[PDB]
Amino acid sequence: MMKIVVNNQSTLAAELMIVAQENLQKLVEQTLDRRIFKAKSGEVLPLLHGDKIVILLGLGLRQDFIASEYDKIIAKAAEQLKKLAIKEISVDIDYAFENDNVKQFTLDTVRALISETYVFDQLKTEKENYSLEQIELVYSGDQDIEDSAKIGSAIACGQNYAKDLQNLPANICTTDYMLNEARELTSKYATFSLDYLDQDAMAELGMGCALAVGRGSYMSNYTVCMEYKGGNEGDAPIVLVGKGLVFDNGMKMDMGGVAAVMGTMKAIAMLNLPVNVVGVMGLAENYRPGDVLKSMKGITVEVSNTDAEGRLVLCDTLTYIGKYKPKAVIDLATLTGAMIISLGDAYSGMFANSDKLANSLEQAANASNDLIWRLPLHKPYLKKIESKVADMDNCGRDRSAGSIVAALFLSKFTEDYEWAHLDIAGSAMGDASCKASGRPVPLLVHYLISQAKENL
Amino acid sequence: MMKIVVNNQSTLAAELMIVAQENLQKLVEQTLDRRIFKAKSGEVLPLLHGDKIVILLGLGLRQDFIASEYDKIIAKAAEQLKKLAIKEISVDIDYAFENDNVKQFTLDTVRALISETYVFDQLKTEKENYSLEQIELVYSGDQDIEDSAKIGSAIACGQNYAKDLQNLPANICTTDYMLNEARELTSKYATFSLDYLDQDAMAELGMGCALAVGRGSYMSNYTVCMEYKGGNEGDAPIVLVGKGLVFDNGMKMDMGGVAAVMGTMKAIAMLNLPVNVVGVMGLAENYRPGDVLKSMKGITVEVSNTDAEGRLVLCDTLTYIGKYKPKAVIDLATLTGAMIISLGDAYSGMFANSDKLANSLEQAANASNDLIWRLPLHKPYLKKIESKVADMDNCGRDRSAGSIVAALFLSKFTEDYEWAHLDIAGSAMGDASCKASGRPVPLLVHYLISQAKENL
Amino acid sequence: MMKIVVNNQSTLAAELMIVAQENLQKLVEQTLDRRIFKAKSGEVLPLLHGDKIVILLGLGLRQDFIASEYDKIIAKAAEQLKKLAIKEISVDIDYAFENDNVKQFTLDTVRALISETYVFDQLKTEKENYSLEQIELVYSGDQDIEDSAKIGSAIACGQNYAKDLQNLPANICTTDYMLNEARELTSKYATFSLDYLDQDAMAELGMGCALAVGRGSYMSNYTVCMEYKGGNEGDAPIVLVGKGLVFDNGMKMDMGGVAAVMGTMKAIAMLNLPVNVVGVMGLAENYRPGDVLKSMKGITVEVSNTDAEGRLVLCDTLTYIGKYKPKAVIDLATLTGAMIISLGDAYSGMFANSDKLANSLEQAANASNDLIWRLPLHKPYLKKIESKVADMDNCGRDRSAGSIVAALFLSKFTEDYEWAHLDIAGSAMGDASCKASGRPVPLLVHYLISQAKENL
Ligand SMILES: [Cl-]
Ligand SMILES: [Cl-]
Ligand SMILES: [Cl-]
Ligand SMILES: [Cl-]
Ligand SMILES: [Cl-]
Ligand SMILES: [Cl-]
Ligand SMILES: [Cl-]
Ligand SMILES: [Cl-]
Ligand SMILES: [Cl-]
Ligand SMILES: [Cl-]
Ligand SMILES: [Cl-]
Ligand SMILES: [Cl-]
Ligand SMILES: [Cl-]
Ligand SMILES: [Cl-]
Ligand SMILES: [Cl-]
Ligand SMILES: [K+]
Ligand SMILES: [K+]
Ligand SMILES: [K+]
Ligand SMILES: [K+]
Ligand SMILES: [K+]
Ligand SMILES: [K+]
Ligand SMILES: [K+]
Ligand SMILES: [K+]
Ligand SMILES: [K+]
């Protein structure tokens, strides 16, 4: 596997010097060796002069530094690593910002490095044969950063797993494929258990909304539950709900919901978090316009928009998970294109029926720099999905407050939970980058770690 | 004019009873007179039984009550008022919610009544000949509500004026027409003064962005400044900047920016606020794709989107107002259609480069229930308007984070102010209601009143 | 200015080693210094180890090498040059392909280097302040390459000038601006003379097609002629005709036609070619659908497509240039979007009414690797522009054989010349690269040089 260690000097054959612009001069003294690299944000200079390779990466000035953009900077170094085929790297952070707290910066540096050196060649004939085998984090200060490195490593491992699942094509990534992934993941840890419903079970429960979305398909619906019993027995679990509609459209809406749940379950299992968590996945493949379905809850839904099938899967799943008597429920869905227009790729939009939960997610977002922006769950917009023939419509007649309307639809099914909804259409896919990001795995693991600490 | 008085009993020939559902029974005792009206939110029952007419209007239960929707409820009564031709009305609020603070509820009731009985028949041959001549607010409690009524009245007067200006057609509402409105408004109050630039003056200042938007038109550009010297001489003014691009398109983007500035200037003049305020209006009428302009600031702007001309007018105006050395600058623009998708009609989206200012606007929004939602001014999205041939583009190449991008463009021109930008495309026009609302006049007057009090 | 010299060893402080993969080993012996760079096509490795910087640039294997793509490879080195701020560079070509003839490779290397280090910051506030000041071409063989370097230099100077003109925005690049460029260029060389027609002159000649295209605009039409009298007096000139419709649309059709004429006139003036050449520019700015115009030739043209105005300018200009009694006439026009669909960015599509001329252009294209593909001037497609009300239509009723139809339209005006038409919509702009290329300046200068040699 990947070796992550921490040390107070650099001992590998290649080194990556991460340099704040205000520390450039000091670095120069310790070393126009002087003039050539100015340590500007994202600037990269590989010095192959010594027998050992040295790559300088600039951060610019503290006052211009947006932490949420740090992956984009590390990306620059990661290209050089791949290009020079460097598999073992010492990462010296002594010349970064004095102000920044080292623990989070360590966590982030390790995470971004492992994340940005990710490669997908599963379906290619020519293999890249490149990956990092070792990172030696080099730090001279007095702070304990060992664990931070371990966590950033685990998270990056989960983001990359999420990326794998988002990158698979729909004909390979079938509902059976996903069900098998859940089996293979749960088999690897004694703390895991797997429960799931097939169509028959789902039909006995009256899950009319979710079953209708797959009605026409050859791929079976499944509601898959990975119970991670990290915490004390009987303590209420945190439930993560992911939407995994194969071949979903809004432009294409990928597996990001379930991909991030998988990625998050893997990470917390690796870190062995002392918290109870259930990862739940609603699986289906893509029932005419105007049909009326009966949800498990018993609310009748007129499906006015055939494009909006993803929410139908999420509503029955959200009703079903109530059995867990969850302390919190967070769902993740590449749910609306409106989200990209509202916030772009940088933020996951979030909606919550609980200020306490919203706050915790906001703290996790600040800590991890996996950015969220809360949007208002504005009840009067419920009128936009009144229906002539049914209890409610699934979608408004126009595009206005689209994401809000979608969250409101779901909110009819979650009134008994403390609940948050992350619309990750932008944050998971990009907005024209079109690249799997593995988000919001980092946010969720920070949130879960914070909840796990509150346990002790 | 309109008579607003306050009294502890009802003495006019028609009465409007505003009834919380929890107080229905109590109202019945004081009076199937019983069974017929249930005081549901917005329910209306006119009793023409007595010689005096009595209209009952329900509020539903406290726990279901969204204050920001109160105009929609009052609207129901206002239809009855017009239909029954009632010009003098006693408004009894003793049966409304006990919990609600009476002062704000009084202010809101008076405002909504005057606002919702608004009529526009200026260009019609058949006149409605309807308006409220007198409201007697009836309240039995110990709170002093006289002033609250006066304020709600002034605000509604400003909203209606704003509605008039939004409702005028572009061929009547010329830049000259607007300039004359500013003259007529400033002539009515000793506290007002008028300064303005014509094209020649604007060209001497190098206002290349704003001048370019009107370059082709017969209607002249103007930058119109209404200085309201309510406060102590030499105290830094609050500057309100409005975008008034005649015949603007994004669907059509109306005069809402300048209309709300006008409405706000009228209201604070009527209330005689002890605060220094300058209302500024950038006027122009609708220069090919790809042109490069030099702003007054000297930044060069490639105009990639011919639709996005409104921001060009706002940037030069924002630079120009710096002369005032304003304590705060708030601009208002029906700027993007993206806003309607993000938030719909209920919220003005806001962006701020100052947390202090954002907070004050958030307090005003809470107080008045003229809702705002802060969106993030996310600097990395500046990349979306990098330009090959110029300092910057005016618009991104796609629709993503559109409103944010527009705010970021403007933010390049306001780095020296505490500054907020209200995108009122949704809140001023509706999202398919398509009706002038006079917003955000109510928000701005609350904000200004709060600032005026902090003066003493 | 730029210093270009030739030498048999490298004497500047930075060096660029251009390395064929089959010569990598040999280079290594002369020098894992070994393992790291594999000389793959476009691979770049800057060695800042010595006091002098050394950049290695790979070509891959001879059998995989497409010469027309060489600029894309040089581009890789040019980024490093700019990034390391290297202004003086020795370019060693001894390790390139043995098979390639050195003269053309020298010409191409110099041209691509100067072309790919081009910067446009005319309208920017922040200047790049970067350009090559000196290239020392290093070659150990027995071939005389001095002149080749001079020519490649002149051509790159013309391509960059063309790029400048394509990159200017329409509001800066007015018909007056272009007329002034022709004045400034003709003033710099005794061999140049300037004749031109304004609108009045054009109207006396009956140029009804060209005048109609600008009829509505403020920018005047001009037909601008730069007579370059390099050759013997009285010898028939080669006429290059360029279409320069400001703000033209098809997506946007730029100044590429006149830009390349300008660039070509500059280059041959610098090289002092002993050939008679007239560069002619039809200038206008953007007359309803269905109008009938009388061309100078007297053919009546129904303008069915308002988008197709560019050809109307070209037809009157083509008639007019007959006065020169030209030996050959080549026109260049970003004329159809169809071209990009047919051939993409790599080829200029060409049409000719003369096999002799087509052949010469094909030889120039082979020599310079400024690629052309001849398309058929298929007379039966003349039926697609038959007109009910006029001699002919300007455009077909559908998109089929669009470029061919456009060439056929023009061919009605050139039956007395040996004539070629280059549709450079793809080759000048890119197809989503969207980048000015300065093509086909290189092709035209090779053609002209070849014609100049045939003179002696
Ligand atoms: Cl990994
Ligand atoms: Cl959906
Ligand atoms: Cl939507
Ligand atoms: Cl609850
Ligand atoms: Cl923990
Ligand atoms: Cl009024
Ligand atoms: Cl705009
Ligand atoms: Cl937009
Ligand atoms: Cl400030
Ligand atoms: Cl006050
Ligand atoms: Cl040059
Ligand atoms: Cl054309
Ligand atoms: Cl075509
Ligand atoms: Cl001939
Ligand atoms: Cl020659
Ligand atoms: K297990
Ligand atoms: K199925
Ligand atoms: K949308
Ligand atoms: K006055
Ligand atoms: K004008
Ligand atoms: K939009
Ligand atoms: K001359
Ligand atoms: K003209
Ligand atoms: K086409």
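**Student:** Before we go on, may I ask you to explain the packing of helix 2 (residues 70-83) of chain A against helix 3 (residues 102-116) of chain A in this structure?
**Tutor:** Between two packed helices, what matters for the description is the angle formed by their axes and the separation of those axes. All names here are of chain A. Helix 3 packs onto helix 2 with a crossing angle of 50° between their chain directions and a minimal axis gap of 9 Å. In terms of their interaxial angle, helix 2 and helix 3 are classed as oblique. The two elements helix 2 and helix 3 meet at a crossing, and its hand is right-handed. When helix 2 is examined against helix 3, the residues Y70, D71, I74, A75, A78 and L81 are found in contact with a partner set consisting of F105, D108, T109, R111, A112, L113, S115 and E116.

**Student:** Please explain the interface of chain C and chain A as it appears in this structure.
**Tutor:** Often, the extent of an interface is quoted as the loss of accessible area upon association of its parts. With 11 residues of chain C at the interface, the matching set in chain A holds 11 residues. Buried area between chain C and chain A, both sides added, is near 840 Å², and the carbon and sulfur share of it is 67%. No other element matches the 4 residues that strand 3 (residues 44-47) of chain C contributes to the side of chain C that touches chain A. Of the residues contributing to the side of chain C that touches chain A, the split by class is 8 nonpolar, 1 polar and 2 charged.

**Student:** I keep staring at the relation of the copies chain B and chain A and nothing clicks. Help me out?
**Tutor:** The two copies are related by a screw motion: chain B maps onto chain A through a turn of 180° and a shift of 0.0 Å along the axis, at an RMSD of 0.0 Å. Expressed as an axis order, the relation between the two copies is that of a two-fold axis. Taking C-alpha positions as the reference, the residue of chain B nearest the rotation axis is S342 of chain B, at 2.5 Å. By residue overlap, the copies meet face to face through one surface: 100% of the interface positions of chain B are interface positions in chain A.

**Student:** Please explain the relation of the copies chain C and chain A as it appears in this structure.
**Tutor:** Superposition of the two copies of the chain requires a rotation about an axis and a shift along the axis. Least-squares fitting of chain C to chain A yields an RMSD of 0.0 Å, with the superposition described by an axial translation of 0.0 Å and a rotation of 180°. Taken together, the interface assignments show that 100% of the residues at the interface of chain C recur at the interface of chain A, consistent with an identical surface on both copies.

**Student:** Help me understand the packing of helix 5 (residues 175-187) of chain A against helix 8 (residues 256-271) of chain A, please; the structure alone is not making it clear to me.
**Tutor:** Residue and element names in this part refer to chain A. Two elements in contact, helix 5 and helix 8, have axes whose closest approach is 11 Å; the angle formed by their N-to-C orientations is 10°. Classed by the angle they form, the pair helix 5 and helix 8 counts as roughly parallel. Taken together, the residues of helix 8 that come into contact with helix 5 (itself represented by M178, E181, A182 and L185) are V258, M262, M265 and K266. Among the residues forming the contact of helix 5 with helix 8, the class breakdown is 6 nonpolar, no polar and 2 charged.

**Student:** Sorry if this is basic, but what is going on with the coordination of the potassium ion (ligand 17) here?
**Tutor:** The textbook angles at a metal center are 109.5 degrees for a tetrahedron of four donors and 90 or 180 degrees for an octahedron of six. Residue and element names in this part refer to chain A. Protein coordination at the potassium ion (ligand 17): the donors are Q199 (OE1), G214 (O) and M219 (O), at 3.1 to 3.2 Å from the metal. Expressed as a motif, the donor residue spacing for the potassium ion (ligand 17) is Q-x14-G-x4-M. Placement of the pair is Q199 in helix 6 (residues 199-204) and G214 in helix 7 (residues 208-214), with a sequence separation of 15 residues.

**Student:** How should I be thinking about the sheet that holds strand 1 (residues 3-7) of chain B in this particular structure?
**Tutor:** Strands belonging to one sheet form pairs held by backbone hydrogen bonds; the direction of such a pair is parallel or antiparallel. Residues and elements named next belong to chain B. In spatial order, the strands read 1-6-5-2-4-3; together these 6 strands make up an open sheet with mixed pairing. Edge strands, defined here as strands with exactly one partner in the open sheet, are strand 1 and strand 3 (44-47). Strand-to-strand twist across the sheet, computed as the mean angle between neighbouring axes with direction ignored, equals 20°. Both strand 1 and strand 6 (residues 134-138) contribute to a ladder of 5 bridges, which runs parallel. For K3, the partnering residue across the bridge sits in strand 6 and is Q134. Sitting on the sheet, helix 2 (residues 70-83) touches strand 2 (14-19), strand 3, strand 4 (53-58) and strand 5 (88-92), and the angle it makes with strand 4 is about 160°. The strands that helix 3 (residues 102-116) touches are strand 1, strand 2, strand 5 and strand 6; relative to strand 6, the one it contacts most, it runs at about 155°.

**Student:** It is not clear to me how the packing of aromatic side chains should be interpreted in this structure. Could you clarify?
**Tutor:** Between two aromatic rings, the relevant description is the distance of the centres plus the angle of the planes. On inspection of all chains with the given rule, the structure shows 24 aromatic pairs over all chains. With centroids separated by 5.9 Å and ring planes inclined at 75°, the aromatic side chains of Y189 of chain A and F192 of chain A adopt a geometry described as edge-to-face. Classification of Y189 of chain A by relative accessible area gives partly exposed; the value is 24%. Judged by relative accessible area, which is 7%, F192 of chain A ranks as buried. Aromatic pair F65 of chain C and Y70 of chain C: ring centres 6.1 Å apart, planes at 65°, arrangement edge-to-face. Put simply, the rings of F65, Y70, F97 and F105 of chain A pair up and form one aromatic cluster. One cation-aromatic arrangement involves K266 of chain C over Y161 of chain C; the distance from NZ or CZ to the ring centre is 4.5 Å.

**Student:** Could you clarify how one ought to interpret the UniProt feature "binding site: Mn(2+) 2" (unreviewed entry) in chain A in this entry?
**Tutor:** Residues and elements named next belong to chain A. Mapped onto this numbering, the UniProt entry annotates "binding site: Mn(2+) 2" (unreviewed entry) at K243, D248, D254 and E309. What makes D248 buried here is its relative accessible area of 3%. Excluding its chain neighbours within four sequence positions, the residues that come into contact with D248 are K243, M253, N286, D307, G310 and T334. One polar contact links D248 to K243, side chain to side chain, over a distance of 2.6 Å. Filtering out sequence-adjacent residues up to four positions away, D254 remains in contact with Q166, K243, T334 and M429.

**Student:** Explain the interface of chain B and chain A to me, please; I cannot follow it from the model alone.
**Tutor:** Taken together, the 29 residues of chain B in the interface contact 29 residues of chain A. With both chains or domains summed, chain B and chain A bury close to 2200 Å², and 62% of this area falls on carbon and sulfur atoms. Between chain B and chain A we count 2 salt bridges in total. When the shortest N-O distance is used, the salt bridge between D431 of chain A and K384 of chain B registers 3.3 Å. At the boundary of chain B with chain A, the tally comes to 17 residue pairs in polar contact. For the side of chain B that touches chain A, the elements supplying multiple residues, two or more each, are helix 10 (338-343), strand 17 (372-374) and helix 12 (402-411) of chain B.

**Student:** It is not clear to me how the pattern of salt bridges should be interpreted in this structure. Could you clarify?
**Tutor:** Any two side chains of opposite charge can pair, so long as their charged atoms come close to each other. Following the criterion strictly, the structure yields 42 salt bridges over all chains and no others. Of the charged contacts in the structure, one is a salt bridge between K87 of chain C and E133 of chain C, with a shortest N-O distance of 3.8 Å. Placement of the pair is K87 of chain C in the loop between helix 2 (70-83) and strand 5 (88-92) and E133 of chain C in the loop between helix 3 (102-116) and strand 6 (134-138), with a sequence separation of 46 residues. We classify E133 of chain C as partly exposed; its relative accessible area is 40%. We note a salt bridge from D248 of chain C to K243 of chain C, for which the minimum N-O separation is 2.6 Å. A single burial state applies to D248 of chain C and to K243 of chain C, both of which are buried. Shared partners join several salt bridges into a network, and the residues in it are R215, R288 and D291 of chain B together with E285 of chain C.

**Student:** What is the right way to read the domain arrangement of chain A from this model?
**Tutor:** Residue and element names in this part refer to chain A. What the domain assignment reports for chain A is domain 1 (3-139) and domain 2 (154-453). Each of domain 1 and domain 2 has a C-alpha centre, and these two points are 35 Å apart. Summed over both partners, the interface of domain 1 with domain 2 comes to about 1300 Å²; 56% of that surface belongs to carbon and sulfur atoms. At the boundary of domain 1 with domain 2, the tally comes to 1 salt bridge. Put simply, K435 and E116 hold a salt bridge, and the shortest N to O gap is 3.9 Å. When grouped by side-chain class, the residues that make up the side of domain 1 that touches domain 2 number 6 nonpolar, 4 polar and 3 charged.

Conventions and cut-offs
- Residue numbers count from 1 along every chain, following the sequence as written rather than necessarily the entry numbering; any residue without coordinates is not displayed.
- Both sets of labels track the order of writing: A upward for chains, 1 upward for ligands.
- Remember that the shown chains come from a larger assembly, so read each value as a statement about the shown part.
- Neither water nor hydrogens contribute to the side-chain values; these are computed over all heavy atoms in the structure.
- Whenever a helix is involved, its axis is fitted only over the stretch in contact; in every case the axis is a line through C-alpha atoms, and angles between N-to-C directions fall within 0 to 180 degrees.
- For helices the rule is a DSSP run of H or I covering at least 4 residues; for strands it is a run of E covering at least 2, with both sets numbered from the N terminus onward.
- In this scheme, roughly parallel covers angles under 35 degrees and roughly antiparallel covers those over 145, while 65 to 115 is roughly perpendicular and the rest are oblique.
- Crossings are sorted by hand: turned counterclockwise from the far helix by less than a right angle, the near helix makes the crossing left-handed, and turned clockwise it makes it right-handed.
- Contacts are assigned to residue pairs with any non-hydrogen atoms lying within 4.5 Å of each other.
- Joining two parts hides part of their accessible area as seen by a 1.4 Å probe, and the buried area is that hidden amount summed over both.
- Just so you know the grouping, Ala, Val, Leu, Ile, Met, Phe, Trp, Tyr, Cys and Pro go in nonpolar, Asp, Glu, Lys and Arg go in charged, and all remaining residues, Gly too, go in polar.
- Least squares on the C-alpha atoms is how the copies get superposed.
- The donor set comprises N, O and S atoms within 2.8 Å of the metal, extended to 3.2 Å for Na, K and Ca; water molecules are omitted, so apparent gaps in a site may simply reflect that omission.
- Two strands pair under a simple rule: DSSP has to find at least two bridges between them.
- Stacked, tilted and edge-to-face are the three classes applied to pairs of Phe, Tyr and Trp rings, where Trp contributes its six-membered ring and a pair requires centres within 6.5 Å; stacked means planes under 30 degrees apart, edge-to-face means over 60, and tilted covers the rest.
- With a 1.4 Å probe rolled over the protein chains alone, any residue whose accessible area is under 20% of its type maximum counts as buried; one over 50% counts as exposed, and the rest are partly exposed.
- By the criterion adopted, a ring carries a charge over it if an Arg CZ or a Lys NZ lies within 6 Å of its centre and within 35 degrees of its normal.
- UniProt positions are given in the numbering used here, feature names are shortened, and annotations may be inferred rather than shown by experiment.
- Under the rule applied, a polar contact is a pair of N or O atoms within 3.5 Å (in protein, one hydrogen donor and one hydrogen acceptor; residues adjacent in sequence only if both atoms are side-chain atoms).
- The salt bridge definition used is simple: a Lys or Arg side-chain nitrogen within 4 Å of an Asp or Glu carboxyl oxygen.
- Domain borders in the structure are assigned automatically or taken from a domain database.

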